[PDB]
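Take a look at this single chain, the form deposited in one PDB entry, given in structure tokens.
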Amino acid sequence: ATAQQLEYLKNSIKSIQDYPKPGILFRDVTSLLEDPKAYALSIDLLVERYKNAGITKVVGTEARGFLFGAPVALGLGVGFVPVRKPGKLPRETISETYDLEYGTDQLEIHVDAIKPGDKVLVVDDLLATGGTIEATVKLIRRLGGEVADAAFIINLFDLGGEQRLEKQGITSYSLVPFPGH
């Protein structure tokens, strides 16, 4: 990306000081979604990064993930595979648990959606702890998918997510870096 493209994307994102709490600056991708140029540019740069990488499927987690994975799948000309909250997918699934503050949640994937020989790109809005992406990489590999790549609009470089994913053999590509926890 050019410095002009990267600053336009940074400037398209609203930061809500002390949302959802004091000291937390929420990075709001909805202002990017509503801007024709910023949204298109975010998708075009991700497609350009992966066009030669032999990607055969794009995975996006529910729900903001869908907004960036699905357009990147269409731009690469490959299928889109949703990873969802429990009880929403209708065919055979597998499930992975990830930790939150005061408990856990689960993500599910269709078992038939990823096959051995598939090379998968994960795409999400924002890299924070990386917990959800770590669980998504576990789902993909349980299905025999190869995954080495995760792409983000925003990376919160203070929260350790990139290094967490590197422990799984994931290289992260992020358009907009922001500080804050």
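The term rigid core refers to the maximal set of C-alpha atoms that superpose within 1.5 Å between the two forms. Sequential numbering from 1, following the sequence displayed.
Keep in mind that the form solved in complex with a small molecule is not shown, yet the notes after this line are about it.
- Heavy atoms of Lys57 never reach within 4.5 Å of the small molecule in the entry with it bound, leaving it off the interface.
- Contact check for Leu156: a non-hydrogen atom falls within 4.5 Å of the small molecule in the entry with it bound.
- None of the heavy atoms of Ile43 is located within 4.5 Å of the small molecule in the entry with it bound.
- Using a 4.5 Å cutoff between non-hydrogen atoms, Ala70 does not count as a contact of the small molecule in the entry with it bound.
- Contact with the small molecule in the entry with it bound holds for none of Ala1, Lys37 and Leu175, as no heavy atom of theirs lies within 4.5 Å.
- Only one segment in the set 26 to 34, 138 to 146, 108 to 116, 43 to 51 has any non-hydrogen atom within 4.5 angstroms of the small molecule in the entry with it bound, and it is 26 to 34.
- A displacement of less than 2 angstroms separates the C-alpha positions of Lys167 between this form and the one not shown, with the rigid core held in common.
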